[PDB]
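1 is the number of the first residue of the sequence shown in my numbering; add one for each residue after it.
We put the CB at the ideal spot given by N, CA and C, even for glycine.
I have placed the structure first, in the form of structure tokens, so that the comments after it can refer back to it.
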Amino acid sequence: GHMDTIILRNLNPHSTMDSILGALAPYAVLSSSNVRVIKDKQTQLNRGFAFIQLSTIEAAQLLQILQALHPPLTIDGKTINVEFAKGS
Numbered sequence: 001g002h003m004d005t006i007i008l009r010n011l012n013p014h015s016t017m018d019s020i021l022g023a024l025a026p027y028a029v030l031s032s033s034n035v036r037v038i039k040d041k042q043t044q045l046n047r048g049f050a051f052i053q054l055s056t057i058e059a060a061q062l063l064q065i066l067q068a069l070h071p072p073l074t075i076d077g078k079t080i081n082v083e084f085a086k087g088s
């Protein structure tokens, strides 16, 4: 049960969490365990989506901010996408 999770999309192969955590964090800044970028082992690439684990209301708050203002950024030449799986 995802219970307040922001999802990300459109992550490039070469990107990593620590890169995104610089230029995807104007409003709020996660720590690190929050930002699940799954990565391959053979290709040494990402899976291209990610997950942001936050508190019961914090996920919801942060996301609503992002759904009311300028479009998201890029950190490689790929404009990120935001999703919300509030499956409680």
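Within a Cβ cutoff of 8 Å, which residues of the same chain sit near residue 77, ignoring the five residues on either side of it in sequence? 12
Go through the region 27 to 73 residue by residue and report every complete run of the alpha helix (DSSP H) that reaches 4 residues or more, in order. 58 to 66
Quick check on DSSP: helix, strand or coil for residue 6? strand
DSSP beta-bridge partners of residue 81: 9
Beta-carbon proximity list for residue 34, same chain, < 6 Å, skipping 5 on both sides: 52, 53
Rounded C-alpha distance that separates residue 45 from residue 24: 19 Å
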